[PDB]
Amino acid sequence: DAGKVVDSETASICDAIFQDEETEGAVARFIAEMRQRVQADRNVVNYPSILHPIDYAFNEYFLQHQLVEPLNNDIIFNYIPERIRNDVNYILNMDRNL
Amino acid sequence: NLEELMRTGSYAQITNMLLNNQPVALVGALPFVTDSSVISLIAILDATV
Amino acid sequence: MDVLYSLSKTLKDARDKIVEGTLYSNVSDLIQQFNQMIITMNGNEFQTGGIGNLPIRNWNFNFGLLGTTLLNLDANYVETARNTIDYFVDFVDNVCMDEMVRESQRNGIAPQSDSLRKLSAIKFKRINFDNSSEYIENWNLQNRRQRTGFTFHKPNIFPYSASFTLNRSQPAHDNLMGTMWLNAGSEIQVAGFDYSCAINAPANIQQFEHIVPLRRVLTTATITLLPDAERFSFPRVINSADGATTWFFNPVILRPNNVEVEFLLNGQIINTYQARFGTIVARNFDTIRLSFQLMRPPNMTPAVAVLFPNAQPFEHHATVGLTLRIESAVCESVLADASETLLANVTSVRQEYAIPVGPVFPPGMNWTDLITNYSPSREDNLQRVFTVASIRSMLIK
Amino acid sequence: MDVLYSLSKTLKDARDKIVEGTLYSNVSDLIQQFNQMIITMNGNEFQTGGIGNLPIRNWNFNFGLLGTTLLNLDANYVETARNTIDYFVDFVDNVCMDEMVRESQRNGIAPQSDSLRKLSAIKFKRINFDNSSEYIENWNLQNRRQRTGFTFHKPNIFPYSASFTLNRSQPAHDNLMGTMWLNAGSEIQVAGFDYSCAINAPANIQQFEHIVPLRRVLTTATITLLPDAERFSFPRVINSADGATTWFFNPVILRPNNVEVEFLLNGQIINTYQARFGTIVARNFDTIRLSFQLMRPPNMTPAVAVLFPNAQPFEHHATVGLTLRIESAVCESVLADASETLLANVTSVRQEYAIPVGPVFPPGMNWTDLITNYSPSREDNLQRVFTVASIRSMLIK
Amino acid sequence: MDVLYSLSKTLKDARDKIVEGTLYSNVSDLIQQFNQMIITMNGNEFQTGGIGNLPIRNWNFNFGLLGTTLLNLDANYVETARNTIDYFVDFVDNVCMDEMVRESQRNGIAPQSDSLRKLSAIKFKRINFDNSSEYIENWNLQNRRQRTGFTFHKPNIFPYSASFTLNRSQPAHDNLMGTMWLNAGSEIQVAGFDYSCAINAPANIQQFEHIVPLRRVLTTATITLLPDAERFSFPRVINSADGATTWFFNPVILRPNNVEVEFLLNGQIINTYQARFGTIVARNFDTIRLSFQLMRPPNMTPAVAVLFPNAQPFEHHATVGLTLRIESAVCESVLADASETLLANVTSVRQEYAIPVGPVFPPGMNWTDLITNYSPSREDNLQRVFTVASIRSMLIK
Amino acid sequence: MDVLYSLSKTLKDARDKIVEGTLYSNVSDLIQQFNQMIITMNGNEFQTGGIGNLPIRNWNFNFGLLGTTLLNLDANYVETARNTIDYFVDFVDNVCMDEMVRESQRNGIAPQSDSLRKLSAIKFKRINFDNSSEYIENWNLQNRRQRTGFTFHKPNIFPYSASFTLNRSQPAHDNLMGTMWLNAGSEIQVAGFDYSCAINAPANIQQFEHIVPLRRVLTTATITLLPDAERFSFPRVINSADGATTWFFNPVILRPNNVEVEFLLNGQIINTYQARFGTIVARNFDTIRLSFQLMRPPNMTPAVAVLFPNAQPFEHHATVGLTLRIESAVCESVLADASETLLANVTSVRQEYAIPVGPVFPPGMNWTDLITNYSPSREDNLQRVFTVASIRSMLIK
């Protein structure tokens with residue numbers, strides 16, 4: 001199904017398993033069935049990965065505690081300390097959207 | 001369907017159906033070799049392809 | 001024989017496990033088992049029926065393997081599996097019905113119907129999923145000659161028998177004294193009747209003895225004991241053994257005295273209980289013996305002296321009754337039990353296709369005659385047919 | 001619908017399999033199912049209760065994933081598992097209780113409460129696990145119109161109706177000839193009584209007939225036939241039909257002869273049994289019609305000449321009876337059984353909060369009146385409630 | 001305790017699923033668990049027997065490990081597996097039989113035999129296959145101070161007692177009015193009898209009351225109620241407590257009116273039923289109280305007008321009967337029933353080796369003597385022995 | 001099943017829309033469906049017939065494809081379509097007329113004919129265009145277990161039983177008191193009559209009750225009701241119940257008093273109507289109970305006083321009138337009415353080819369006899385036959 005994988009070594013492992021004359025066909029079909037499904041309406045994507053459970057747990061923990069935060073013009077407008085915006089002698093201006 | 005088996009990679013069914021001598025019928029866009037040789041038909045050749 | 005149970009178990013698991021939404025790892029073993037089954041079963045044609053009104057059908061398995069999906073299933077895969085499930089359940093039902101209606105005096109452990117014999121070859125032994133049920137475990141353990149048994153609740157073992165005995169008899173039939181019993185189903189009711197109120201017997205006490213044999217031994221049985229006869233206490237006009245004249249019966253129940261319940265093994269005393277009533281336990285037995293005494297009351301009020309005089313004529317006779325009822329037990333050989341619908345299924349399949357009385361089973365699958373002439377060959381045939389019926393009762397509810 | 005059963009099954013499996021010390025290669029799939037269910041069930045609010053005295057409850061789900069790296073389960077993992085399992089158990093119990101009591105006369109095979117309606121959408125369908133019990137798989141099979149089956153043990157199928165009829169009567173109730181029958185539970189005892197012992201009837205043989213129509217369809221039922229009525233043999237003072245007078249009864253039991261028992265399906269003869277007492281077996285029937293005979297004995301003894309005088313007076317009357325019981329049966333619909341606690345469960349849950357009732361279920365789940373009039377909508381509602389009760393019994397005892 | 005059940009379940013799985021031809025992928029978890037169990041149990045010494053007449057045996061665990069390499073299982077694999085299995089199951093059965101034959105008056109929840117004492121150590125807590133069995137689940141629930149439950153078919157819970165109490169008595173015993181009852185098994189028969197049919201009692205109506213308590217808490221019980229009790233519907237001659245007096249009882253079953261049942265718990269009303277019959281149900285009750293009225297029919301026929309004279313000379317006495325049978329119910333404590341083989345197996349094992357009577361259990365495992373003085377410590381000991389007996393029942397079928 | 005209806009709908013739309021001079025952009029979907037159907041069906045063999053007089057015909061689909069590139073359909077394309085359309089309509093007519101006359105005593109909802117069995121495979125399920133008729137929607141929703149409904153106008157549900165009942169009777173018919181009713185078709189007509197005109201009655205008021213049950217439930221009924229019997233108000237002479245004598249009827253009509261009509265379901269009051277005489281509506285009912293009282297005129301003119309004498313001999317006999325008609329209803333099972341051309345078509349296609357009487361349907365397709373013993377198997381068979389008839393009713397009208 002012309003899928004894409006997470007890491008180059010993951011691709012190497014998939015190629016090794018897909019091509020080994022001593023291996024059955026169920027695992028090969030499962031390998032061939034891997035495909036990323038993208039849902040851009042909620043800004044979420046899914047990828048396949050092969051890891052030891054410790055590595056998978058670490059990767060999930062890294063994924064679910066990212067430090068990013070949605071950005072808007074009013075957020076930067078509020079990023080300035082209050083005792084500057086509140087005063088009149090200083091005026092702020094923007095020139096681009098976000 | 002040959003293409004389904006190829007893309008999926010599950011070769012068990014066709015391998016068993018070939019080794020255990022059970023009639024089957026493969027379907028797929030396959031070029032064929034024209035054999036204008038009756039002696040080639042006498043010495044059975046359409047069993048090792 | 002094991003292949004049919006494997007088919008039934010795997011069909012139930014496939015029907016009740018492959019539903020939309022489940023994770024792929026939940027059906028991995030089942031998917032591989034189904035794949036192996038489809039690989040092994042394709043090609044080998046089979047034929048069912050051929051006897052009686054059961055239609056002679058043909059089977060040629062022409063199904064491909066199943067797919068898979070990493071995240072969750074899709075309904076198209078579900079219906080693709082379901083069509084094959086329908087074909088397989090139809091095949092299993094037909095072969096079970098074919099196996100049900102063949103029997104012979106020769107060794108019944110071996111399969112009889114040709115479909116099962118063709119299935120039981122080495123070429124199809126790879127499809128053997130598990131043996132976790134009860135009857136299949138019993139069959140497998142009996143194959144290797146080990147300790148075997150079945151769980152019974154209210155076992156319908158004792159044959160229908162309504163007979164009576166006499167100790168003293170008169171052609172006029174007005175001075176009867178003896179024992180009358182009715183051992184129907186799992187309930188044993190024994191009543192010892194006297195007309196003279198033991199006014200002539202020594203020590204003013206009359207002894208009644210009753211004995212009933214059992215064909216197959218029982219283990220760890222529980223029996224309730226009630227010192228009464230809630231059934232043999234009505235006025236009766238009972239036909240005599242002559243066959244043309246009847247005599248009159250009129251019981252009055254006193255509390256039984258010296259009730260002795262006995263459990264013996266091959267004429268050896270095992271369990272004894274004196275003056276105990278309620279749910280008792282017997283370790284092991286194969287015969288039942290009851291002994292009790294009817295005692296004339298030491299003191300008679302007028303309502304008593306009116307009925308039991310020193311004179312000859314009697315109209316209100318005396319009788320003491322005993323109740324025996326078996327609740328649950330485990331028997332070495334298979335017995336027709338009441339907690340399961342095995343006998344009903346067997347007789348339904350036997351009677352649907354108008355199969356006449358065979359050389360083993362009595363006509364109409366009547367249980368009393370069969371259990372009255374129990375034999376090891378009949379035991380093996382009954383075990384086989386019960387196991388086949390249990391396998392069949394798993395797919396068509 | 002199946003989502004609630006899947007929740008019950010996964011909770012039970014987690015509670016009886018997630019125990020410290022087990023190998024991790026034994027509950028991997030179960031833990032995967034648990035984690036996926038937790039992921040799918042997060043962030044959705046649910047309102048339960050709001051009818052009758054049942055309290056209104058609110059539920060919010062917000063939990064992190066479990067651990068999957070250990071190889072031997074220890075105190076912390078099982079502790080967290082039990083901590084979340086208690087909350088899930090409370091959720092399942094309250095949701096089942098709230099959804100159970102509600103009833104409707106329209107589409108009684110669809111979800112009825114807010115919780116089930118919200119939990120049967122597309123998104124929450126990825127939590128179905130298996131269908132291992134019998135009631136849920138019967139539900140699934142009946143949903144897509146497959147053959148329905150149910151195994152019962154001595155089920156209350158016949159209604160309760162203690163009514164009697166008389167063929168020959170008198171204005172003062174001294175010379176009678178009629179039938180009595182007590183139909184209750186799964187027991188049928190029909191008795192025929194003739195005061196004159198068929199001295200005015202031709203051929204000295206008097207025939208009693210009776211019909212008992214079952215309210216549904218049975219299949220593969222075992223019947224024990226004791227040829228003596230246990231009830232209609234004691235002295236009685238019974239009120240007459242008009243309710244203005246009561247008459248005396250002094251029966252004496254005579255054995256019945258030429259006993260005919262028949263089982264008819266769709267108004268046609270299917271099975272015929274004659275003069276065979278003990279154990280009988282039938283495959284499929286809907287109406288039980290019993291016909292037996294009472295014959296005056298040809299010759300009598302001095303103890304019998306006082307029983308049936310041809311003269312005017314009558315004080316003791318020839319009486320016969322048949323005992324018909326069902327020890328096991330299989331039906332296509334749902335009926336209250338004697339081996340499980342479905343009807344008891346629904347009655348208890350309904351009476352604990354006293355939900356107001358309309359023209360949907362009979363008052364207080366009166367089983368006799370329910371069997372009296374049986375509409376298909378009532379059947380569907382009862383089946384749904386019983387399935388919900390079966391789900392409930394898996395988790396909370 | 002739970003470790004023993006885990007071992008039993010693993011042994012059953014190894015005995016059953018390891019058959020020739022199956023795919024090795026289907027028992028990979030099973031074979032890994034079996035190897036882990038062998039590793040854990042190896043290199044330890046256990047002793048059994050020593051009290052009563054149990055043959056003392058010594059076990060030493062020196063065993064190999066099953067291979068994890070073969071693609072498809074073969075015959076030698078099965079033979080080695082069974083070679084290990086026979087010794088393991090013999091050890092399990094002997095441990096159970098040694099545990100059953102020792103009791104402690106205090107702290108019955110703890111192991112008593114040496115084997116279970118050794119298995120309580122944390123080192124042997126590495127084998128916890130599952131807890132799917134209902135009894136083991138109940139044991140685990142009881143081990144954590146939480147609610148339990150059980151499901152039974154016709155559980156014998158009522159104490160065995162046979163006595164009658166008179167309200168009006170005379171030395172000559174010809175004018176009596178009292179209540180007669182018999183609480184045997186799971187059925188209750190209560191009959192109130194009067195000799196004058198309320199000719200002198202106020203308002204021509206006689207009130208009867210009857211109380212039978214219980215020692216445990218039944219819950220969710222389906223109760224069958226039928227009138228005109230069976231056992232007290234024929235003449236009786238019964239002795240009295242005076243030790244020298246015998247009286248006669250001639251019953252004539254009238255019709256019962258205004259039947260009142262009252263299910264009480266902790267001296268409070270929970271379920272009340274009036275003028276209803278057939279099949280009823282109560283949610284939670286502790287004791288049963290019955291009330292009914294014996295009514296004299298104001299309108300009579302001559303055949304009745306002779307039955308009830310208006311003077312002291314009485315020819316026939318009057319009474320009414322009520323039957324109460326518990327078909328299905330749910331309890332929180334272990335109870336011996338008619339649909340299981342636990343108590344019977346315990347008694348059989350006790351009598352097989354002839355263990356002398358202990359300090360707690362009454363001699364011979366007499367059920368009535370156990371229930372008449374039921375104590376919570378006895379309840380805990382009974383729960384322990386029943387759980388170990390259920391563990392035993394999974395091995396020998 | 002649904003495949004056949006889809007083919008029928010496709011053929012009907014092809015008949016309607018394929019005319020010379022149309023625009024292709026209006027029938028594009030129909031042409032696409034037609035091409036898909038002809039691609040699928042091409043290359044198959046069929047057999048139809050077997051019973052009665054229907055000929056054995058062999059059908060082969062070998063027609064070429066149809067172009068879609070022309071902007072306006074011309075005569076050549078018209079005839080090219082029409083030839084194949086006629087062939088297909090003949091084929092579907094043949095298969096429908098084959099399937100209509102066959103039925104089974106069990107599993108009647110399932111197909112039985114060879115052609116319908118063959119057309120139920122997996123690949124052929126890729127042709128299903130539309131389900132827009134009421135019967136097909138009913139079948140599809142029934143197969144999915146939801147609320148069904150069939151509309152009717154004047155539903156012919158009342159069984160034909162013209163029976164009269166007498167209570168106060170004499171051998172010579174000199175003074176009568178009873179009820180005579182006629183319930184035929186979709187109209188109910190009852191009339192209570194008394195020869196004494198309530199002259200020796202308790203306060204000049206005589207009651208008459210009439211209860212008429214229905215075999216199947218009904219919903220959403222509009223009722224037309226008139227207080228005058230239109231049939232039992234004429235001088236008539238009808239043979240009595242003795243079978244060998246005749247009696248005369250001399251009616252005089254009054255207005256009925258206290259006209260109460262009850263629409264009850266499951267023994268519960270649903271709707272009541274008093275002193276209303278037409279165009280009333282009852283929502284949901286199954287059983288109708290009509291009761292009324294006949295009253296002596298409180299005051300009379302000389303003519304009426306002479307007509308009704310206080311003495312015994314009467315010239316004219318009083319009688320009350322009542323008629324009830326059901327206008328529209330919706331049922332859950334298929335019925336017959338006077339607004340559908342389905343029953344006539346079924347009977348015609350049955351009797352035309354001389355089909356012998358089957359095992360379930362009584363001979364001649366009598367509707368009163370069939371509805372007298374309405375059974376679920378009969379329900380399924382009638383549903384199947386009527387649905388196939390409705391499908392056929394569009395190919396050729």
# chains A, B, ... in the order shown; residues from 1 in each chain; ligands from 1

call {"tool": "select_by_dssp", "arguments": {"residues": "segment 9-98 of chain A", "states": "helix (DSSP H, G or I)", "output": "mmCIF file with N, CA and C atoms, in the first residue's frame"}}
result
data_model
loop_
_atom_site.group_PDB
_atom_site.id
_atom_site.type_symbol
_atom_site.label_atom_id
_atom_site.label_comp_id
_atom_site.auth_asym_id
_atom_site.auth_seq_id
_atom_site.Cartn_x
_atom_site.Cartn_y
_atom_site.Cartn_z
ATOM 1 N N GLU A 9 16.485 2.473 9.956
ATOM 2 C CA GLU A 9 16.723 1.146 10.511
ATOM 3 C C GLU A 9 15.437 0.335 10.578
ATOM 4 N N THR A 10 14.300 0.994 10.815
ATOM 5 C CA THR A 10 13.025 0.290 10.757
ATOM 6 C C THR A 10 12.777 -0.245 9.354
ATOM 7 N N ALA A 11 13.118 0.545 8.334
ATOM 8 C CA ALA A 11 13.004 0.073 6.960
ATOM 9 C C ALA A 11 13.925 -1.115 6.710
ATOM 10 N N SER A 12 15.144 -1.067 7.250
ATOM 11 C CA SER A 12 16.068 -2.186 7.082
ATOM 12 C C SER A 12 15.525 -3.449 7.741
ATOM 13 N N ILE A 13 14.941 -3.312 8.932
ATOM 14 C CA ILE A 13 14.353 -4.459 9.619
ATOM 15 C C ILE A 13 13.174 -5.012 8.829
ATOM 16 N N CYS A 14 12.332 -4.124 8.294
ATOM 17 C CA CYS A 14 11.197 -4.568 7.494
ATOM 18 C C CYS A 14 11.659 -5.302 6.242
ATOM 19 N N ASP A 15 12.710 -4.803 5.589
ATOM 20 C CA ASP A 15 13.246 -5.493 4.420
ATOM 21 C C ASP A 15 13.829 -6.850 4.795
ATOM 22 N N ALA A 16 14.529 -6.925 5.929
ATOM 23 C CA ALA A 16 15.117 -8.190 6.358
ATOM 24 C C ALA A 16 14.039 -9.230 6.639
ATOM 25 N N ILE A 17 12.981 -8.832 7.349
ATOM 26 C CA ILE A 17 11.910 -9.773 7.664
ATOM 27 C C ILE A 17 11.129 -10.142 6.407
ATOM 28 N N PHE A 18 10.864 -9.161 5.541
ATOM 29 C CA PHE A 18 10.112 -9.421 4.318
ATOM 30 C C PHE A 18 10.854 -10.379 3.397
ATOM 31 N N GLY A 25 4.366 -16.560 5.913
ATOM 32 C CA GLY A 25 3.752 -15.520 5.111
ATOM 33 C C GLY A 25 2.843 -14.567 5.860
ATOM 34 N N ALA A 26 2.364 -14.970 7.040
ATOM 35 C CA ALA A 26 1.496 -14.088 7.814
ATOM 36 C C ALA A 26 2.240 -12.837 8.263
ATOM 37 N N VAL A 27 3.463 -13.005 8.764
ATOM 38 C CA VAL A 27 4.248 -11.856 9.197
ATOM 39 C C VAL A 27 4.598 -10.977 8.006
ATOM 40 N N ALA A 28 4.883 -11.593 6.856
ATOM 41 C CA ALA A 28 5.176 -10.818 5.655
ATOM 42 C C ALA A 28 3.972 -9.992 5.221
ATOM 43 N N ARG A 29 2.775 -10.580 5.269
ATOM 44 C CA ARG A 29 1.575 -9.831 4.912
ATOM 45 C C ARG A 29 1.311 -8.704 5.903
ATOM 46 N N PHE A 30 1.550 -8.953 7.194
ATOM 47 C CA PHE A 30 1.422 -7.883 8.178
ATOM 48 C C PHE A 30 2.404 -6.756 7.887
ATOM 49 N N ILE A 31 3.629 -7.104 7.491
ATOM 50 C CA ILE A 31 4.612 -6.096 7.107
ATOM 51 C C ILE A 31 4.106 -5.290 5.918
ATOM 52 N N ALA A 32 3.582 -5.980 4.906
ATOM 53 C CA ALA A 32 3.097 -5.301 3.712
ATOM 54 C C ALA A 32 1.869 -4.446 3.986
ATOM 55 N N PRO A 53 9.653 -2.732 24.195
ATOM 56 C CA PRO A 53 8.649 -2.001 24.985
ATOM 57 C C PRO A 53 9.210 -0.843 25.793
ATOM 58 N N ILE A 54 10.440 -0.951 26.296
ATOM 59 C CA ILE A 54 11.056 0.176 26.994
ATOM 60 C C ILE A 54 11.211 1.360 26.050
ATOM 61 N N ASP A 55 11.716 1.098 24.843
ATOM 62 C CA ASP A 55 11.903 2.166 23.867
ATOM 63 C C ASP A 55 10.568 2.774 23.455
ATOM 64 N N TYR A 56 9.549 1.935 23.261
ATOM 65 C CA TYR A 56 8.228 2.445 22.903
ATOM 66 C C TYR A 56 7.651 3.312 24.013
ATOM 67 N N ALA A 57 7.818 2.893 25.270
ATOM 68 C CA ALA A 57 7.343 3.701 26.387
ATOM 69 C C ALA A 57 8.063 5.041 26.442
ATOM 70 N N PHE A 58 9.385 5.032 26.247
ATOM 71 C CA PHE A 58 10.136 6.284 26.251
ATOM 72 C C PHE A 58 9.689 7.202 25.121
ATOM 73 N N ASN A 59 9.474 6.643 23.930
ATOM 74 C CA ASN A 59 9.037 7.457 22.803
ATOM 75 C C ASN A 59 7.652 8.039 23.044
ATOM 76 N N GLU A 60 6.740 7.245 23.609
ATOM 77 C CA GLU A 60 5.415 7.770 23.924
ATOM 78 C C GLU A 60 5.500 8.891 24.950
ATOM 79 N N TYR A 61 6.330 8.714 25.982
ATOM 80 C CA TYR A 61 6.453 9.745 27.006
ATOM 81 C C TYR A 61 7.040 11.026 26.430
ATOM 82 N N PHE A 62 8.015 10.901 25.528
ATOM 83 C CA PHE A 62 8.532 12.078 24.838
ATOM 84 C C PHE A 62 7.452 12.738 23.993
ATOM 85 N N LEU A 63 6.631 11.933 23.314
ATOM 86 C CA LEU A 63 5.607 12.478 22.429
ATOM 87 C C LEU A 63 4.537 13.242 23.197
ATOM 88 N N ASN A 73 -1.733 36.086 17.733
ATOM 89 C CA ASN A 73 -1.229 37.452 17.830
ATOM 90 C C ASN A 73 -1.481 38.033 19.212
ATOM 91 N N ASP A 74 -2.665 37.782 19.775
ATOM 92 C CA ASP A 74 -2.973 38.295 21.104
ATOM 93 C C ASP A 74 -2.099 37.654 22.175
ATOM 94 N N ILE A 75 -1.582 36.451 21.922
ATOM 95 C CA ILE A 75 -0.705 35.805 22.895
ATOM 96 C C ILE A 75 0.620 36.553 22.998
ATOM 97 N N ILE A 76 1.219 36.890 21.854
ATOM 98 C CA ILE A 76 2.419 37.723 21.871
ATOM 99 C C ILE A 76 2.093 39.104 22.422
ATOM 100 N N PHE A 77 0.919 39.634 22.068
ATOM 101 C CA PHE A 77 0.471 40.905 22.628
ATOM 102 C C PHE A 77 0.424 40.860 24.151
ATOM 103 N N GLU A 82 3.232 43.441 31.797
ATOM 104 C CA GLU A 82 2.031 44.268 31.869
ATOM 105 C C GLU A 82 2.361 45.739 32.099
ATOM 106 N N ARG A 83 3.385 46.030 32.899
ATOM 107 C CA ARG A 83 3.704 47.412 33.244
ATOM 108 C C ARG A 83 4.337 48.189 32.096
ATOM 109 N N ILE A 84 4.375 47.621 30.896
ATOM 110 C CA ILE A 84 4.753 48.341 29.688
ATOM 111 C C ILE A 84 3.535 48.636 28.822
ATOM 112 N N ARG A 85 2.702 47.622 28.579
ATOM 113 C CA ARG A 85 1.498 47.824 27.779
ATOM 114 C C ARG A 85 0.523 48.767 28.472
#

call {"tool": "calpha_fit_rmsd", "arguments": {"fixed": "chain D", "moving": "chain F"}}
result
0.8 Å

call {"tool": "select_by_dssp", "arguments": {"residues": "segment 66-246 of chain D", "states": "strand (DSSP E or B)", "output": "PyMOL selection string"}}
result
chain D and resi 72+150-152+161-168+177-184+187-194+205-226+236-239+246

call {"tool": "interface_residues", "arguments": {"of": "chain F", "to": "chain D", "cutoff": "7 Å", "atoms": "only C-alpha atoms", "output": "PyMOL selection string"}}
result
chain F and resi 143-147+266

call {"tool": "residues_around", "arguments": {"residues": "segment 15-19 of chain B", "least_positions_apart": "3", "cutoff": "9 Å", "atoms": "only C-alpha atoms", "output": "list in words"}}
result
residues 11, 12, 22, 23 and 24 of chain B; 39, 40, 42 and 43 of chain C

call {"tool": "write_last_selection", "arguments": {"atoms": "N, CA, C and O atoms", "output": "short mmCIF file (atom, residue, chain, number, x, y, z; two decimals), in the first residue's frame"}}
result
data_model
loop_
_atom_site.label_atom_id
_atom_site.label_comp_id
_atom_site.auth_asym_id
_atom_site.auth_seq_id
_atom_site.Cartn_x
_atom_site.Cartn_y
_atom_site.Cartn_z
N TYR B 11 2.41 -16.60 0.96
CA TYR B 11 2.66 -17.61 -0.06
C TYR B 11 2.23 -19.01 0.37
O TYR B 11 2.40 -19.95 -0.42
N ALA B 12 1.69 -19.18 1.58
CA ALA B 12 1.43 -20.52 2.09
C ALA B 12 0.38 -21.25 1.25
O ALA B 12 0.54 -22.43 0.94
N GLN B 22 -3.46 -30.33 -5.78
CA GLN B 22 -4.87 -30.00 -5.83
C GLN B 22 -5.12 -29.00 -6.95
O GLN B 22 -4.35 -28.04 -7.10
N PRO B 23 -6.16 -29.19 -7.77
CA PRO B 23 -6.42 -28.25 -8.86
C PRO B 23 -6.68 -26.84 -8.35
O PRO B 23 -7.34 -26.65 -7.33
N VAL B 24 -6.15 -25.86 -9.07
CA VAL B 24 -6.30 -24.45 -8.76
C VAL B 24 -6.52 -23.68 -10.06
O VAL B 24 -6.55 -24.26 -11.15
N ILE C 39 -6.31 -24.61 4.81
CA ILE C 39 -5.28 -25.28 4.01
C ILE C 39 -5.50 -26.78 4.01
O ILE C 39 -5.42 -27.44 2.96
N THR C 40 -5.78 -27.36 5.18
CA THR C 40 -5.88 -28.81 5.28
C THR C 40 -7.16 -29.34 4.67
O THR C 40 -7.16 -30.41 4.04
N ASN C 42 -9.27 -28.01 2.29
CA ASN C 42 -9.56 -27.79 0.88
C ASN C 42 -9.13 -28.99 0.04
O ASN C 42 -8.13 -29.64 0.33
N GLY C 43 -9.90 -29.27 -0.99
CA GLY C 43 -9.60 -30.37 -1.90
C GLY C 43 -10.25 -31.70 -1.56
O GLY C 43 -10.87 -32.32 -2.42
#

call {"tool": "closest_residue", "arguments": {"among": "A:93, A:36, A:43, A:8", "to": "chain C", "atoms": "only C-alpha atoms"}}
result
A:36

call {"tool": "atom_distance", "arguments": {"atom1": "atom CA of residue 177 of chain C", "atom2": "atom CA of residue 239 of chain C"}}
result
15.4 Å

call {"tool": "atom_distance", "arguments": {"atom1": "atom CA of residue 25 of chain B", "atom2": "atom CA of residue 92 of chain C"}}
result
27.3 Å

call {"tool": "interface_residues", "arguments": {"of": "chain C", "to": "chain A", "cutoff": "10 Å", "atoms": "only C-alpha atoms", "output": "tab-separated table (two decimals) with N, CA, C and O atoms, in the first residue's frame"}}
result
chain	number	residue	atom	x	y	z
C	28	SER	N	-4.95	-13.55	16.80
C	28	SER	CA	-3.80	-14.07	16.06
C	28	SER	C	-3.81	-15.59	16.02
C	28	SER	O	-3.72	-16.20	14.94
C	31	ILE	N	-6.78	-16.79	14.02
C	31	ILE	CA	-6.59	-16.57	12.58
C	31	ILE	C	-5.67	-17.63	12.00
C	31	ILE	O	-5.94	-18.19	10.93
C	32	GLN	N	-4.56	-17.91	12.69
C	32	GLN	CA	-3.65	-18.94	12.19
C	32	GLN	C	-4.30	-20.31	12.19
C	32	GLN	O	-4.09	-21.11	11.27
C	35	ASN	N	-6.54	-20.46	9.23
C	35	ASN	CA	-5.73	-20.59	8.02
C	35	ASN	C	-5.28	-22.03	7.83
C	35	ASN	O	-5.38	-22.59	6.73
C	67	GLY	N	-7.78	-12.47	5.53
C	67	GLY	CA	-6.87	-11.34	5.57
C	67	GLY	C	-6.54	-10.91	6.98
C	67	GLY	O	-6.68	-11.67	7.94
C	68	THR	N	-6.09	-9.66	7.11
C	68	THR	CA	-5.72	-9.10	8.40
C	68	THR	C	-5.70	-7.58	8.28
C	68	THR	O	-5.76	-7.02	7.19
C	69	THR	N	-5.63	-6.93	9.44
C	69	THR	CA	-5.49	-5.48	9.50
C	69	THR	C	-4.79	-5.12	10.80
C	69	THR	O	-5.02	-5.75	11.84
C	70	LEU	N	-3.92	-4.11	10.73
C	70	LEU	CA	-3.07	-3.78	11.88
C	70	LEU	C	-3.86	-3.12	13.00
C	70	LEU	O	-3.72	-3.49	14.17
C	71	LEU	N	-4.70	-2.14	12.67
C	71	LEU	CA	-5.39	-1.38	13.72
C	71	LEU	C	-6.65	-2.10	14.19
C	71	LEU	O	-6.75	-2.50	15.35
